[PDB]
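Okay, structure_26.txt now, which holds compact mmCIF, C-alpha atoms:
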# COMPACT_ATOMS: atom_id res chain seq x y z
CA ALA A 1 -28.63 3.07 -10.57
CA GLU A 2 -27.47 6.49 -11.83
CA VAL A 3 -24.76 7.45 -9.33
CA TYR A 4 -23.32 10.41 -11.25
CA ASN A 5 -24.90 13.05 -13.57
CA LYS A 6 -23.02 16.34 -13.82
CA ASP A 7 -21.68 18.71 -16.56
CA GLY A 8 -22.89 16.41 -19.37
CA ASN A 9 -21.37 13.10 -18.04
CA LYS A 10 -23.63 10.35 -16.67
CA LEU A 11 -22.59 7.10 -14.96
CA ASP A 12 -25.00 4.24 -14.26
CA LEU A 13 -23.64 1.56 -11.90
CA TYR A 14 -25.83 -1.54 -12.07
CA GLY A 15 -25.90 -5.15 -11.07
CA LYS A 16 -27.71 -8.01 -9.47
CA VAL A 17 -27.32 -10.87 -7.05
CA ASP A 18 -29.22 -13.97 -8.09
CA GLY A 19 -29.58 -16.48 -5.24
CA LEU A 20 -30.14 -19.48 -7.44
CA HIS A 21 -30.49 -23.24 -7.09
CA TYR A 22 -30.85 -26.02 -9.70
CA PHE A 23 -32.62 -29.33 -9.12
CA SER A 24 -31.67 -32.07 -11.57
CA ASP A 25 -30.88 -35.76 -11.90
CA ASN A 26 -27.85 -34.44 -13.80
CA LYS A 27 -25.37 -33.80 -11.02
CA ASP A 28 -23.10 -31.66 -13.24
CA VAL A 29 -25.79 -28.91 -13.23
CA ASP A 30 -27.44 -29.80 -9.89
CA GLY A 31 -26.93 -27.62 -6.79
CA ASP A 32 -26.05 -24.01 -5.90
CA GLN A 33 -25.85 -21.75 -8.97
CA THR A 34 -25.70 -18.40 -7.11
CA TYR A 35 -24.05 -15.56 -9.00
CA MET A 36 -23.72 -11.85 -9.30
CA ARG A 37 -23.36 -9.44 -12.21
CA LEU A 38 -21.96 -5.93 -12.04
CA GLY A 39 -21.65 -3.30 -14.72
CA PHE A 40 -21.45 0.31 -15.71
CA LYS A 41 -22.81 2.35 -18.58
CA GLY A 42 -21.31 5.79 -19.05
CA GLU A 43 -22.15 8.55 -21.50
CA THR A 44 -20.56 11.93 -22.17
CA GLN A 45 -22.03 14.78 -24.24
CA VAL A 46 -19.38 15.98 -26.72
CA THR A 47 -21.67 18.34 -28.66
CA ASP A 48 -25.47 18.64 -29.04
CA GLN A 49 -25.22 16.01 -31.81
CA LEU A 50 -22.26 13.83 -30.67
CA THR A 51 -22.18 11.53 -27.63
CA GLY A 52 -19.42 9.21 -26.46
CA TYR A 53 -20.12 6.12 -24.38
CA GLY A 54 -18.71 3.05 -22.78
CA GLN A 55 -20.13 -0.05 -21.19
CA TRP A 56 -18.68 -2.86 -19.13
CA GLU A 57 -20.33 -5.90 -17.59
CA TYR A 58 -18.80 -8.65 -15.49
CA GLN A 59 -20.11 -11.87 -13.95
CA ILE A 60 -18.73 -13.33 -10.73
CA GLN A 61 -19.91 -16.75 -9.61
CA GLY A 62 -21.11 -16.85 -6.00
CA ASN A 63 -21.26 -20.65 -5.73
CA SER A 64 -17.55 -21.49 -5.24
CA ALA A 65 -15.35 -21.84 -2.17
CA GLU A 66 -12.86 -19.05 -1.35
CA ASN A 67 -9.81 -20.83 -2.83
CA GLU A 68 -11.09 -20.16 -6.32
CA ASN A 69 -12.58 -17.46 -8.47
CA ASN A 70 -14.79 -18.09 -11.49
CA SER A 71 -15.55 -14.76 -13.17
CA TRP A 72 -15.58 -13.24 -16.65
CA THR A 73 -16.20 -10.18 -18.75
CA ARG A 74 -19.53 -10.28 -20.61
CA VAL A 75 -19.13 -7.00 -22.52
CA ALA A 76 -16.55 -4.21 -22.72
CA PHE A 77 -16.81 -1.55 -25.44
CA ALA A 78 -16.45 2.15 -26.25
CA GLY A 79 -18.40 4.04 -28.86
CA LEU A 80 -19.61 7.22 -30.51
CA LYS A 81 -23.20 8.14 -31.39
CA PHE A 82 -24.25 10.96 -33.78
CA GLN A 83 -27.85 12.24 -33.65
CA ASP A 84 -29.86 11.12 -36.72
CA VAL A 85 -26.87 9.40 -38.39
CA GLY A 86 -25.72 6.39 -36.38
CA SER A 87 -23.33 4.88 -33.88
CA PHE A 88 -20.03 2.99 -33.89
CA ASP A 89 -18.47 0.94 -31.12
CA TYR A 90 -15.61 -1.53 -30.68
CA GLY A 91 -14.78 -4.19 -28.03
CA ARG A 92 -16.34 -7.31 -26.55
CA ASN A 93 -19.99 -6.99 -27.52
CA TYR A 94 -22.93 -8.93 -28.93
CA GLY A 95 -22.87 -10.20 -32.51
CA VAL A 96 -25.49 -8.66 -34.81
CA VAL A 97 -27.32 -11.98 -35.15
CA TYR A 98 -28.38 -11.40 -31.52
CA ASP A 99 -30.37 -8.30 -32.63
CA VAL A 100 -32.95 -10.82 -33.87
CA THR A 101 -32.39 -13.90 -31.64
CA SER A 102 -32.43 -11.82 -28.41
CA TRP A 103 -36.17 -11.45 -28.92
CA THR A 104 -36.77 -15.02 -27.65
CA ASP A 105 -34.01 -14.87 -24.97
CA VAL A 106 -36.51 -13.69 -22.36
CA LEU A 107 -36.99 -16.79 -20.17
CA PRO A 108 -36.57 -16.68 -16.36
CA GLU A 109 -33.43 -18.87 -16.32
CA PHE A 110 -32.97 -21.04 -19.43
CA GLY A 111 -33.47 -20.28 -23.14
CA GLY A 112 -31.14 -18.58 -25.59
CA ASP A 113 -29.11 -21.75 -26.07
CA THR A 114 -29.42 -22.79 -29.71
CA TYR A 115 -26.12 -20.81 -29.81
CA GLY A 116 -23.50 -19.77 -27.22
CA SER A 117 -20.85 -17.21 -26.25
CA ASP A 118 -17.68 -16.86 -28.37
CA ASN A 119 -19.55 -18.64 -31.16
CA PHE A 120 -18.75 -16.63 -34.27
CA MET A 121 -21.10 -13.61 -34.57
CA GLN A 122 -24.04 -15.23 -32.75
CA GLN A 123 -23.76 -13.80 -29.24
CA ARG A 124 -21.04 -12.29 -27.04
CA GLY A 125 -17.52 -12.30 -28.49
CA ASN A 126 -14.24 -10.41 -28.87
CA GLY A 127 -13.21 -7.80 -31.42
CA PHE A 128 -16.56 -6.61 -32.75
CA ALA A 129 -16.56 -3.36 -34.75
CA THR A 130 -20.26 -2.46 -34.97
CA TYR A 131 -22.00 0.25 -37.08
CA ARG A 132 -25.67 1.00 -36.45
CA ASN A 133 -28.25 3.27 -38.11
CA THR A 134 -31.42 3.96 -36.14
CA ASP A 135 -34.65 5.17 -37.79
CA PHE A 136 -32.86 5.61 -41.20
CA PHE A 137 -31.36 9.08 -40.59
CA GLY A 138 -34.47 9.77 -38.48
CA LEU A 139 -36.70 9.50 -41.57
CA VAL A 140 -38.34 6.09 -40.91
CA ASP A 141 -39.45 5.59 -37.31
CA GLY A 142 -38.78 2.06 -36.03
CA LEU A 143 -36.46 0.85 -38.83
CA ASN A 144 -32.96 -0.11 -37.66
CA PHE A 145 -29.99 -1.74 -39.33
CA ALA A 146 -26.47 -2.75 -38.39
CA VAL A 147 -23.29 -3.97 -40.07
CA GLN A 148 -20.54 -5.65 -38.05
CA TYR A 149 -17.00 -6.89 -38.48
CA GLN A 150 -15.17 -9.36 -36.24
CA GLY A 151 -11.38 -9.73 -36.29
CA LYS A 152 -9.65 -13.10 -35.99
CA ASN A 153 -9.34 -14.70 -32.55
CA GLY A 154 -6.89 -17.56 -33.02
CA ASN A 155 -4.52 -19.98 -31.29
CA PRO A 156 -3.04 -19.03 -27.86
CA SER A 157 0.41 -17.39 -27.84
CA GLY A 158 3.38 -18.92 -26.05
CA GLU A 159 2.20 -22.53 -26.48
CA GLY A 160 4.33 -23.65 -29.44
CA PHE A 161 1.85 -22.95 -32.24
CA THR A 162 3.48 -22.20 -35.61
CA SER A 163 0.45 -20.63 -37.30
CA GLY A 164 -2.91 -19.00 -36.62
CA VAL A 165 -1.84 -17.31 -33.33
CA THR A 166 -3.35 -14.08 -31.90
CA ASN A 167 -2.43 -12.26 -28.70
CA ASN A 168 -5.77 -13.31 -27.18
CA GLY A 169 -5.89 -16.84 -28.60
CA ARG A 170 -7.99 -19.67 -27.20
CA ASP A 171 -9.29 -23.23 -27.72
CA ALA A 172 -10.71 -24.05 -31.16
CA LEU A 173 -14.36 -24.26 -30.03
CA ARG A 174 -14.09 -20.54 -29.18
CA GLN A 175 -11.97 -19.35 -32.17
CA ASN A 176 -13.06 -17.42 -35.28
CA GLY A 177 -11.45 -15.99 -38.41
CA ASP A 178 -12.47 -12.60 -39.81
CA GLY A 179 -16.23 -12.17 -40.03
CA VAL A 180 -18.85 -9.82 -41.35
CA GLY A 181 -22.58 -9.61 -40.59
CA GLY A 182 -25.71 -7.48 -40.81
CA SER A 183 -29.14 -7.07 -39.30
CA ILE A 184 -32.38 -5.28 -40.14
CA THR A 185 -35.34 -4.89 -37.79
CA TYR A 186 -38.62 -3.01 -38.10
CA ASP A 187 -40.97 -2.32 -35.19
CA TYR A 188 -44.40 -0.78 -35.74
CA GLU A 189 -46.53 -0.21 -32.64
CA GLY A 190 -46.41 -3.62 -30.88
CA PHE A 191 -45.21 -5.67 -33.87
CA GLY A 192 -41.64 -6.51 -34.87
CA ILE A 193 -40.01 -8.24 -37.84
CA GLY A 194 -36.29 -8.85 -38.34
CA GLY A 195 -33.54 -10.66 -40.19
CA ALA A 196 -29.79 -11.19 -39.86
CA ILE A 197 -26.87 -12.74 -41.74
CA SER A 198 -23.31 -13.59 -40.65
CA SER A 199 -20.32 -15.07 -42.47
CA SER A 200 -17.07 -15.90 -40.70
CA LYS A 201 -13.87 -17.51 -41.92
CA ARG A 202 -13.09 -20.65 -39.94
CA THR A 203 -9.50 -21.17 -38.71
CA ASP A 204 -7.19 -24.11 -39.50
CA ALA A 205 -7.29 -25.19 -35.85
CA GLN A 206 -11.08 -25.61 -36.23
CA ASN A 207 -10.82 -27.64 -39.46
CA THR A 208 -8.94 -30.69 -38.14
CA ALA A 209 -10.04 -34.34 -37.90
CA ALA A 210 -10.49 -33.85 -34.14
CA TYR A 211 -13.72 -31.88 -34.84
CA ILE A 212 -16.87 -32.69 -36.82
CA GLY A 213 -18.21 -30.00 -39.19
CA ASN A 214 -15.09 -29.02 -41.15
CA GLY A 215 -15.66 -26.08 -43.52
CA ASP A 216 -14.17 -22.94 -45.02
CA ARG A 217 -16.68 -20.55 -43.44
CA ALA A 218 -19.41 -20.42 -40.79
CA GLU A 219 -22.70 -18.90 -42.04
CA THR A 220 -25.98 -18.07 -40.29
CA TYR A 221 -29.34 -16.87 -41.63
CA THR A 222 -32.02 -15.72 -39.18
CA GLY A 223 -35.63 -14.51 -39.34
CA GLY A 224 -37.64 -13.31 -36.35
CA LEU A 225 -41.08 -12.06 -35.35
CA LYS A 226 -42.29 -10.27 -32.21
CA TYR A 227 -45.45 -8.93 -30.59
CA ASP A 228 -45.13 -6.75 -27.47
CA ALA A 229 -48.26 -4.88 -26.30
CA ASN A 230 -51.33 -5.17 -24.05
CA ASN A 231 -49.39 -7.18 -21.41
CA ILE A 232 -48.69 -9.94 -23.96
CA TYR A 233 -45.25 -10.90 -25.24
CA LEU A 234 -44.93 -13.31 -28.17
CA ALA A 235 -41.80 -14.01 -30.19
CA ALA A 236 -40.28 -16.62 -32.49
CA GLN A 237 -36.99 -16.96 -34.37
CA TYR A 238 -35.77 -19.41 -36.99
CA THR A 239 -32.09 -19.77 -37.91
CA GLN A 240 -30.32 -21.91 -40.50
CA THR A 241 -26.57 -22.35 -39.89
CA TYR A 242 -23.60 -23.87 -41.75
CA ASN A 243 -20.51 -25.01 -39.82
CA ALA A 244 -21.54 -22.55 -37.09
CA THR A 245 -23.57 -24.39 -34.41
CA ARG A 246 -21.56 -26.27 -31.77
CA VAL A 247 -22.45 -29.88 -31.14
CA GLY A 248 -21.33 -30.04 -27.53
CA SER A 249 -17.61 -30.82 -27.40
CA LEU A 250 -17.57 -32.73 -30.74
CA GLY A 251 -17.15 -29.67 -32.99
CA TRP A 252 -19.83 -28.10 -35.21
CA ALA A 253 -22.89 -29.12 -37.25
CA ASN A 254 -22.47 -29.22 -41.04
CA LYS A 255 -25.98 -27.80 -41.17
CA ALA A 256 -28.39 -27.01 -38.33
CA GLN A 257 -31.92 -25.64 -38.21
CA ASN A 258 -32.73 -23.75 -35.00
CA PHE A 259 -36.16 -22.66 -33.79
CA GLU A 260 -37.23 -20.81 -30.63
CA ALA A 261 -40.70 -19.58 -29.61
CA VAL A 262 -41.95 -17.85 -26.42
CA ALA A 263 -45.30 -16.76 -24.98
CA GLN A 264 -45.53 -14.55 -21.87
CA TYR A 265 -48.24 -12.59 -20.05
CA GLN A 266 -47.86 -9.89 -17.39
CA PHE A 267 -50.54 -9.78 -14.68
CA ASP A 268 -51.22 -6.44 -12.97
CA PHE A 269 -50.40 -7.95 -9.57
CA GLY A 270 -46.83 -8.83 -10.69
CA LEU A 271 -46.87 -12.44 -11.93
CA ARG A 272 -45.43 -13.19 -15.37
CA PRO A 273 -45.85 -16.80 -16.54
CA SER A 274 -43.80 -17.96 -19.52
CA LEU A 275 -44.03 -20.85 -21.98
CA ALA A 276 -41.32 -21.64 -24.52
CA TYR A 277 -40.12 -24.25 -26.98
CA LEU A 278 -36.57 -24.58 -28.36
CA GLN A 279 -35.03 -27.08 -30.77
CA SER A 280 -31.84 -27.42 -32.78
CA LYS A 281 -31.83 -30.09 -35.51
CA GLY A 282 -28.47 -31.07 -36.99
CA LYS A 283 -28.06 -32.70 -40.40
CA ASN A 284 -25.25 -34.59 -42.21
CA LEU A 285 -23.17 -34.46 -39.01
CA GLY A 286 -20.52 -37.03 -39.99
CA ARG A 287 -19.02 -40.01 -38.11
CA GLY A 288 -22.29 -41.92 -38.70
CA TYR A 289 -24.31 -39.50 -36.54
CA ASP A 290 -26.34 -38.41 -39.59
CA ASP A 291 -29.41 -36.37 -38.49
CA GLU A 292 -29.69 -35.72 -34.74
CA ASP A 293 -31.40 -33.36 -32.30
CA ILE A 294 -28.76 -31.11 -30.71
CA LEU A 295 -31.30 -29.42 -28.41
CA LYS A 296 -35.02 -29.97 -27.76
CA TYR A 297 -37.01 -28.71 -24.75
CA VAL A 298 -40.18 -27.13 -23.44
CA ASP A 299 -39.71 -24.47 -20.80
CA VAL A 300 -42.47 -23.56 -18.37
CA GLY A 301 -41.86 -20.91 -15.74
CA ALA A 302 -42.98 -17.79 -13.96
CA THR A 303 -41.44 -14.68 -12.45
CA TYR A 304 -42.98 -12.66 -9.66
CA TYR A 305 -41.95 -9.01 -9.61
CA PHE A 306 -42.16 -7.42 -6.17
CA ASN A 307 -40.94 -4.24 -7.84
CA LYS A 308 -38.27 -3.12 -10.36
CA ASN A 309 -35.52 -4.12 -7.88
CA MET A 310 -36.70 -7.47 -6.42
CA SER A 311 -38.09 -10.58 -8.03
CA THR A 312 -38.29 -14.35 -7.63
CA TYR A 313 -38.77 -17.10 -10.23
CA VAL A 314 -39.17 -20.78 -10.98
CA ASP A 315 -38.20 -22.21 -14.38
CA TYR A 316 -38.83 -25.85 -15.37
CA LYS A 317 -36.84 -27.25 -18.29
CA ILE A 318 -38.72 -30.28 -19.60
CA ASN A 319 -35.96 -31.89 -21.66
CA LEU A 320 -37.25 -33.88 -24.64
CA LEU A 321 -33.81 -35.19 -25.70
CA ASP A 322 -33.33 -38.90 -25.03
CA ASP A 323 -30.14 -40.43 -23.66
CA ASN A 324 -28.33 -41.98 -26.65
CA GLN A 325 -24.80 -42.57 -27.95
CA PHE A 326 -24.71 -39.21 -29.76
CA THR A 327 -25.70 -37.08 -26.74
CA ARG A 328 -23.32 -39.13 -24.54
CA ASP A 329 -20.39 -38.53 -26.94
CA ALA A 330 -21.14 -34.79 -27.19
CA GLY A 331 -21.86 -34.35 -23.47
CA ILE A 332 -25.29 -32.83 -24.08
CA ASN A 333 -27.65 -32.68 -21.07
CA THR A 334 -30.80 -34.78 -21.53
CA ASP A 335 -32.29 -34.48 -18.02
CA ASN A 336 -34.98 -32.03 -16.84
CA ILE A 337 -33.99 -29.12 -14.58
CA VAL A 338 -35.98 -27.01 -12.10
CA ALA A 339 -34.47 -23.62 -11.24
CA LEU A 340 -35.53 -21.47 -8.29
CA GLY A 341 -34.18 -17.95 -8.08
CA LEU A 342 -34.43 -14.89 -5.86
CA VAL A 343 -32.99 -11.73 -7.36
CA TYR A 344 -32.10 -8.30 -6.01
CA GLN A 345 -31.03 -5.76 -8.63
CA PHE A 346 -30.06 -2.10 -8.89
Re-express the file's structure as structure tokens.
Amino acid sequence: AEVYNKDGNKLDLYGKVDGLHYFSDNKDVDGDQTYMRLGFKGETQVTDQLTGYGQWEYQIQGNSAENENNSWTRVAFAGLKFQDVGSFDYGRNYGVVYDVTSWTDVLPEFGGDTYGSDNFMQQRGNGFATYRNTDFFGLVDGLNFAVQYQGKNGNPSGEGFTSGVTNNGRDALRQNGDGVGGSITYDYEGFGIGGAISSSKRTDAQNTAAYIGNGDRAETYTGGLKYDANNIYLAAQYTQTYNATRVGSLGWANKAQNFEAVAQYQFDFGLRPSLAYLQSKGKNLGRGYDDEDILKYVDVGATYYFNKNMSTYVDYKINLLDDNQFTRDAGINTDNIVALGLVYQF
């Protein structure tokens, strides 16, 4: 909702409450999953060509008792945009690989989980410096590219570490050395085609015997396709990764091949059914694991839109992973899940 628009400054205050419940034989995901998100997007006109902006988004879980608080910052960044040249922003933001993979992250509840948060340059993460050029100086409609740098996020401070520390340090599964990446997308009418590449130094804390997938750098290569017209949405992405994909709590995959596909239709009366397939196939994993499925599921669901502010959905994760030693060791969910959600948003 735009709550302020005066003398060239605009402020949009937005959010949602998702009354949400999971049904699953897996009791670690089963039960109340209610949550809310809040955010703001602000923009200020500096000149006719130059605009400054900032965005912040926060998630607060609504499913805990009052003696605890489970909340986090999704994004927080400030930036400058110049008409027909580009933009730059810095902060917690999305990695440029997400420019392509976001195209299949459109499912009612699940999806978008061949990668995670704080996972090199694949999704949300800290310390992104992002440069973007839209429409190639305004001379090629629909063609966009981006180049991104990520600074090191290392070991926690004040915990007795003698190397690799940063002020905002964290556990090794969520660390990263310096990284660089890029994306190109082209959209003509309904069609879209895109590609992205990322390369991040891996830290010493990540390259210990306690984690599978030791390596100097984490690399990702992504291609994507999209069709979005005539009430039909189709998209697919394929990603090859090296020492970049987490294998639950075990560490990372030496190599992984990720694939996601989605098909959706929008009825006039407000119903939007969705069908999707995701898989992540790991190779040469180490410790005798060899080749294993990290993720494999079919997602069938539907959303009903009452209007732009109220909707309800059901999403059914038909989980094709089988319960074995590998998935047990990594703590990967192999059970089906049904989600039922009712969402108010502004």
**Prompt:** Hey, can you check how far atom CA of residue A:188 sits from atom CA of residue A:135?
**Reply:**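 These atoms are spaced 11.6 Å apart.
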**Request:** Point out the residue among A:23, A:313, A:259, A:269 with the least atom-to-atom distance to residue A:295, counting all atoms listed in the file.
**Result:**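 Answer, going by the shortest atom-to-atom distance: A:259.
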**Item:** Point-to-point distance from atom CA of residue A:172 to atom CA of residue A:237, Å rounded to tenths
**Value:**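 Taking atom CA of residue A:172 as the start and atom CA of residue A:237 as the end point, the length is 27.4 Å.
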**Message:** So, with only C-alpha atoms as the atoms that count, which of A:83, A:64, A:93, A:34 lies closest to residue A:47?
**Reply:**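 Closest residue, counting only C-alpha atoms: A:83.
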**Prompt:** If we count only C-alpha atoms, what is near residue A:245 at a cut-off of 9 Å, once residues fewer than 4 positions away on the same chain are taken out, given as number ranges by chain?
**Reply:** A: 114-116, 119, 218, 220, 241, 251-256, 280, 282
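One finds atom CA of residue A:216 at 13.3 Å from atom CA of residue A:120.
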**Prompt:** So which residues touch residue A:328 within 12 Å, counting all atoms listed in the file, skipping near sequence neighbours fewer than 5 positions away, as a PyMOL selection string?
**Reply:** chain A and resi 247-250+294+321-323+333-334
Taking a cut-off of 8 Å and counting all atoms listed in the file, can you build a table that, for each residue of stretch 26-127 of chain A near stretch 1-18 of chain A, reports the nearest atom pair and how far apart they are in Å (one decimal), sorted by chain then residue number, as JSON lines?
{"residue": "A:34", "atom": "CA", "partner": "A:18", "partner_atom": "CA", "distance": 5.7}
{"residue": "A:35", "atom": "CA", "partner": "A:18", "partner_atom": "CA", "distance": 5.5}
{"residue": "A:36", "atom": "CA", "partner": "A:17", "partner_atom": "CA", "distance": 4.4}
{"residue": "A:37", "atom": "CA", "partner": "A:15", "partner_atom": "CA", "distance": 5.1}
{"residue": "A:38", "atom": "CA", "partner": "A:15", "partner_atom": "CA", "distance": 4.1}
{"residue": "A:39", "atom": "CA", "partner": "A:14", "partner_atom": "CA", "distance": 5.3}
{"residue": "A:40", "atom": "CA", "partner": "A:13", "partner_atom": "CA", "distance": 4.6}
{"residue": "A:41", "atom": "CA", "partner": "A:12", "partner_atom": "CA", "distance": 5.2}
{"residue": "A:42", "atom": "CA", "partner": "A:11", "partner_atom": "CA", "distance": 4.5}
{"residue": "A:43", "atom": "CA", "partner": "A:10", "partner_atom": "CA", "distance": 5.4}
{"residue": "A:44", "atom": "CA", "partner": "A:9", "partner_atom": "CA", "distance": 4.4}
{"residue": "A:45", "atom": "CA", "partner": "A:8", "partner_atom": "CA", "distance": 5.2}
**6 Å contact set for stretch 151-160 of chain A, only C-alpha atoms, chain neighbours under 5 positions out, as a list in words** = residues 127, 165, 166, 167, 169, 170, 175, 176, 177 and 178 of chain A
**Message:** Let me make sure I understand: among A:244, A:19, A:205, A:144, which one has the smallest atom-to-atom distance to residue A:121 if we use all atoms listed in the file?
**Reply:**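 Smallest separation from residue A:121 among the options: A:244.
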**Request:** May I ask which of the residues A:126, A:67, A:49, A:207 is the closest one to residue A:92, counting all atoms listed in the file?
**Result:** A:126
**Prompt:** With only C-alpha atoms as the basis for distance, which of A:118, A:68, A:268, A:109 is at the shortest distance from residue A:20?
**Reply:**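 Residue with the minimum atom-to-atom distance to residue A:20: A:109.
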**Asked** Of the residues A:76, A:317, A:325, A:61, which is the one nearest to residue A:24, using only C-alpha atoms?
**Response** A:317
**Request:** Would you list the contacts of residue A:273 as a PyMOL selection string, taking every protein, DNA or RNA residue within 9 Å and counting all atoms listed in the file, but skipping same-chain residues closer than 2 positions in sequence?
**Result:** chain A and resi 263-267+271+275+300-304
**Request:** Give me the residues within 6 Å of residue A:228 as a ChimeraX atom specification, counting all atoms listed in the file and dropping any in the same chain fewer than 4 places off.
**Result:** /A:190,232-233
